[PDB]
Ligand SMILES: O=c1[nH]cnc2c1ncn2[C@@H]1O[C@H](COP(=O)(O)O)[C@@H](O)[C@H]1O
Ligand SMILES: O=c1[nH]cnc2c1ncn2[C@@H]1O[C@H](COP(=O)(O)O)[C@@H](O)[C@H]1O
Ligand SMILES: *Cc1c(COP(=O)(O)O)cnc(C)c1O
Ligand SMILES: *Cc1c(COP(=O)(O)O)cnc(C)c1O
Ligand SMILES: Cn1c(=O)c2c(ncn2C)n(C)c1=O
Ligand SMILES: Cn1c(=O)c2c(ncn2C)n(C)c1=O
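Protein chains in written order, with the authors' numbering: chain A, 13 to 256, 261 to 316, 324 to 837; chain A', 13 to 256, 261 to 316, 324 to 837. A prime marks a further copy of an entry chain.
Structure below.
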């Protein structure tokens, strides 16, 4: 059937009876009223059974051996479905497929019933999920810590071409993977005031909110290691939240519990709301108590060995309060002197930066911290004081450098620069792509780099080959395994061996066959769940990621309209057929992004119903783009669009997902695109547009969009089409904000890359016309994507930051 | 060990491995970190396993055979713990006791970890729970329908002698007995308006709240019948509750979900709050859709057979909206003519009245119904119109009778008398005790009784012998079974056979021994969990029920202070030692009731620390009185206090609980007290005080408390002690509200029954001094309590109201 494992005689039989056990005893149903949803749950419970045994020994093991523990703090964990991924990592896929088949059920049909765990916005949240899988696979004693939102990223609905948001009640039917642990509930404090008495400060008169943990298992790839992802849920105490109308007192509990109610749906954007700050401290305060408790047990109160036993990784600045919180505990509660406490804190903390755009930077108003976390503000001022004293001593008289490096920003309202806080309290700061890391040193954190050059590093992102290959593209994984075996699943570098089959006639035919099968399946799914046909013979041109101005979905739109206009000019001229698919969610308050989604659908309305165009060009907007949808489109894509303005996309990861699944990449020299082209050879990549230096040259000069409008008739024609209502008949001025922006305030110079972009697009169309060569280029990309596995990234974090050695050693059976 | 069943070899072994299965796979724990709470859950899950098989066949059976279905609607279900009760009804107690013993655990210690299901206030909610158990035991296709409050009756804490309320988070650790059924979620409407179009009215523009069901199994006594208790939970739709700030929209969902958040803690008191009205319609609207769906399937759309297949019992007026709601559905949706719809509604509905005190009567302001349920108000006006037309036609010219019987009350604000609505739309109205039922006919509902005498009936309350005897008093159940067998557990009348052992020397010794063992165990529990000693040789004088003015805990207080004053007058005179225990919760807004609790504790402060008193008199306030606590005190009581003012306690059930457990009763000729004395012989009962007629004579005359104050020096002395601060030194005027009330506005004439009350108390003290005779009187009470089993009550409801025949037939195994 494939290498989804063995369908053993004894195990298929065992599986079937447990499936029936759960359907009866757990679901309390009888075959005669059981629905597909019930069947999915019976299976989910049966599969979950297989890793509890391993889960218990893994955790017990870490308690015995007592290795250094890695704590990955993140406010987001974009997990997606977990049934199939668990079967894969446990080598249960074929056995379950068989058993369910014998029970007369279609496993694939049941897998589709599982709700996605959308506790993330995009890249940042998904990185965390891939990292967890890799840390488990590399046998690291790692813990994922976050918030258990009852509402994840909203579900996107398109109504009249506009995005409509609706609550993601992912817990509605229950979550068979999590295990509530009410017995480990912890208290978290808010507000109050600070008392300075005799021997130390005291945080007093605080409001208490309880943090209840929920553990979810994270199985490594076939090594019997099952790590833990602990997610905190807010609960109100039953005393003061009643003890300070009786009915009203009880109804008001849903005020303390609102803290873990919903994920903020902003991607690369900072909103200084108090509820967000509360979520950030909540996850930090609860998590740290757990970290210290575990340490106090260990084999040990000298906190001198704390950094030898603990490592906490900050996924962006969101969990940055962990620095002043670790100090508070050590100094206020444990009574360590400042200097000793600081040494410990810096040595256990490490920070990961994800972007350089200003609007994404967390700068919290002081009055907010002042009211909500009074003691933390005091600690931050003191950290700032001592840090600046270090700067002055290093750069005597550099008074401007002092104000520039301050953790405290003066002005309208004083704010705290969380990024500066993280650099100061961490022993390592890293970028997520080579170019992004360099930019950090040359620009944004230049002053900090000059002060402590040893702190700055790079750790190029990666994706897990398990979910992003074996799981979503079994067909491709099979033919690869037929030639080079299976060891590449946990050693992606081995994909290089595929280079020697680049001229192999059978392989070329096979690689091309699986991609064709994937396109047919997706084209079907399209009509199944969304309804309105596409042509599987055309080039699948797809751009899927969050809707942003910097990601330039607009630049993609300009190209689409150009293709359309050229066809209408010479209708009877042959052009390579294309189905361009654009998908992604816009943050609710991002007006421009929502305007762009309307533009996309507007273009599709015109293009898809023009008889002269026929099946040569289709514009489709992929609704509710999420992890589970990504697992479907990516394996079916031919062309991957990664066209952000050079210098704006820190790294990106979707690009990597496409490269590993047989799609060619048209993109700019941005983020990881650079290392990908470098790995496959620029000749097997479609690079275009300005490089970072060109962007800066243009900025010195000054960007004037009119110029491009004046010199390019094709561009001019498009803008006048938008301006006159060609794409919005009933509301002619509908897109005035887009045009206005493009012409007068384009921060991402869309027009500057237009000419080179369509020119480059012509080159891919030329290559698509030559199936054999297109496929050979594909093989060159796949065979060379090994570097982008999160196992490599994690192995680097482990050795260069955490001080731990990865291990591919199978844990002593289950 | 006892007749808790057989401890079979194969079954104890089977139990142990499943206990271990759940501890590992369900709880995900290992013996080395498992706590008693974990062990309780492993056992609970193991026991729950045994009734799912029976639960599924029972429900499947009803679907095949299709018998008349009984729907018991109640806003309260005071269930208490359910582990032991399930073992008992399944004959698993000894096997589980053995198995757990072999696993090295104490079953009793684990049973104490289970949280009470306190979804009730007192009598009304407990009646519903006892009824469910009896209906299951008598093999009726019955369903309990209510609301799944996440916060039940508050937990009472005494701070400085005052009651402190605190949220009852009974779901904190989970509920292993319930089964969420999200797939059967139903929509419920609120607000909106009414459109009258061509062919009928339409309820439009309504706000939708979803009702999610949770099923809990109700096992019959050893007959393999497991009925269902369906509890609705409020959930917000994910569309409009977002689709009409994005964050705020999501946080505001906890507005529609507040409907099932908390139980109103009022006992026999009406509060016209909108949230209450919402809870009442919510349970009614959701439940009826389920009833009709089930009917539409049946073996059948002629609703003529609806009453032959359905019976809905209204537990008080709380679910009264079921009448106009059934009409709305039949007329508005099914399109039946009014008259046909009304005939059907009246024939399937039946109403149970629980009290005659005005302050407990539900009279909803019209403006509230007008805004929240516009169509229901219209239907109620139309029902009223046609009903009054019936009255006028029966009593021509009786214009006053017309206004008196109206469902609509004029005045300050127009209101709807829910009780009148229930009488009009039901084919049977019943009281809960013979005297209460007569009073209804002679007083409160006299006009209605004259109009349709056939509607009025009586159904004397009862209690379940399983939980209220076998479960809480295994020692007594054992010695009874030793002489007459076990058939009495489901045939309590057989207790009469115990009359022939009334002179048996061994039995007298045994009955007295178990009571002594029960007192020792309770006296221990007291020091264990609450701490401060009592003497197990004294008379256990206990009054446990909700704190009320009509229940006269105050009359009990007067007696306690009298005993104290007599001892202080003649210290060296012998008096029978007593431990008087008073317990019960006061509704949060009931000032007087909270004042009474403070008085009780105040008396105990003086009495319990007076050296001259010694161990001859102890005053104890039983904290957090609830079902699980009742199962502890009652079996240990010698004297049961049921001293309400004649005519105010509809029936009472605690009185019955005490009679069955070997306690003697000192009470007034009120509620069921009358039938109890009638059953045991007034010579074996301590009756005192005014009878109903005496109370009325006094009212004609006019009640003047001064008189009693003037003629009784002992009474006078007590009042002056309260007035001068003898019981409240630091705050001398603390009890001025109690004294003021007692002297000027005592609606329950406490002083009128004082003299006869202490005189009667002297008689019980005299009898207690004669152990042999006290015990013989006890045997006369127990042997004669058979009539008060809920099996008798249910059998009567079944035959005289529902039209179904009970059956003690074992369902075809599990
Ligand atoms: O005091 C202890 N005795 C024995 N095992 C322990 C003890 N504390 C932790 N463990 C084991 O270590 C695992 C780790 O628990 P943690 O504290 O959540 O990391 C537990 O599930 C147990 O198997
Ligand atoms: O359409 C049907 N086919 C077969 N069994 C049914 C069907 N509807 C109900 N049942 C059975 O009847 C039980 C009663 O379900 P209820 O609708 O919740 O009362 C179900 O659990 C099934 O065993
Ligand atoms: C991988 C992934 C992302 C990140 O994509 P980029 O193109 O790097 O912005 C976002 N969303 C989902 C659902 C993903 O799978
Ligand atoms: C039986 C019971 C009641 C009813 O007692 P009465 O004396 O009839 O008022 C109230 N509360 C609980 C906990 C009960 O067990
Ligand atoms: C101006 N703006 C927003 O207003 C915004 C956003 N992301 C979310 N929002 C609300 N981004 C990226 C942005 O540039
Ligand atoms: C006056 N009053 C109340 O105010 C009250 C009550 N029960 C609850 N409350 C709040 N009762 C029985 C009562 O008589």
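Just so you know, even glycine gets a beta-carbon here, dropped at the ideal spot from N, CA and C.
Contact under 8 Å by Cβ, residue i with residue j
| i | j | result |
| --- | --- | --- |
| residue 336(A') | residue 152(A') | no |
| residue 320(A') | residue 231(A') | Missing here is residue 320(A'): after 316, the next number in chain A' is 324. |
| residue 808(A) | residue 604(A) | no |
| residue 480(A) | residue 698(A) | no |
| residue 815(A') | residue 128(A') | no |
| residue 811(A) | residue 485(A) | yes |
| residue 626(A) | residue 750(A) | yes |
| residue 249(A') | residue 238(A') | no |
| residue 670(A) | residue 817(A) | no |
| residue 834(A') | residue 201(A') | no |
| residue 657(A) | residue 579(A) | no |
| residue 496(A') | residue 684(A') | yes |
| residue 304(A') | residue 348(A') | yes |
| residue 786(A) | residue 709(A) | yes |
Own chain partners of residue i with C-beta closer than 7 Å, once the 5 adjacent residues on each side are dropped
| i | result |
| --- | --- |
| residue 332(A) | 80, 81, 311 and 314 |
| residue 570(A') | 576, 607, 608, 609, 616, 619 and 620 |
| residue 260(A') | The residue list of chain A' ends a segment at 256 and starts the next at 261, so residue 260(A') has no coordinates to report. |
| residue 792(A) | 599 |
Those residues which DSSP pairs with residue i across a bridge
| i | result |
| --- | --- |
| residue 167(A') | 178(A') |
| residue 687(A) | 662(A) |
Extent of the continuous alpha helix (DSSP H) run through residue i
| i | result |
| --- | --- |
| residue 361(A) | 361-371 |
| residue 116(A) | Taken as a continuous stretch (DSSP letters only), residue 116(A) belongs to no alpha helix (DSSP H), as it is neither H nor E. |
| residue 404(A') | 397-417 |
| residue 506(A) | 497-507 |
Host beta strand (DSSP E) of residue i (start-end)
| i | result |
| --- | --- |
| residue 440(A') | 438-440 |
| residue 25(A) | Not the beta strand (DSSP E): residue 25(A) falls in the alpha helix (DSSP H), residues 21-33. |
| residue 386(A) | 386-388 |
Expected contact under 8 Å - CB spacing of residue i and residue j to nearest Å
| i | j | result |
| --- | --- | --- |
| residue 19(A') | residue 106(A') | 4 Å |
| residue 590(A') | residue 639(A') | 7 Å |
| residue 673(A') | residue 456(A') | 6 Å |
| residue 407(A) | residue 431(A) | 6 Å |
| residue 804(A) | residue 695(A) | Rounded, the Cβ-Cβ distance is 13 Å, inconsistent with contact. |
Cutoff 6 Å; reference residue i; Cβ partners in own chain excluding five residues on either side
| i | result |
| --- | --- |
| residue 502(A') | 533 |
| residue 711(A) | 779, 780 and 783 |
| residue 142(A') | 486, 487 and 813 |
| residue 214(A) | 207 |
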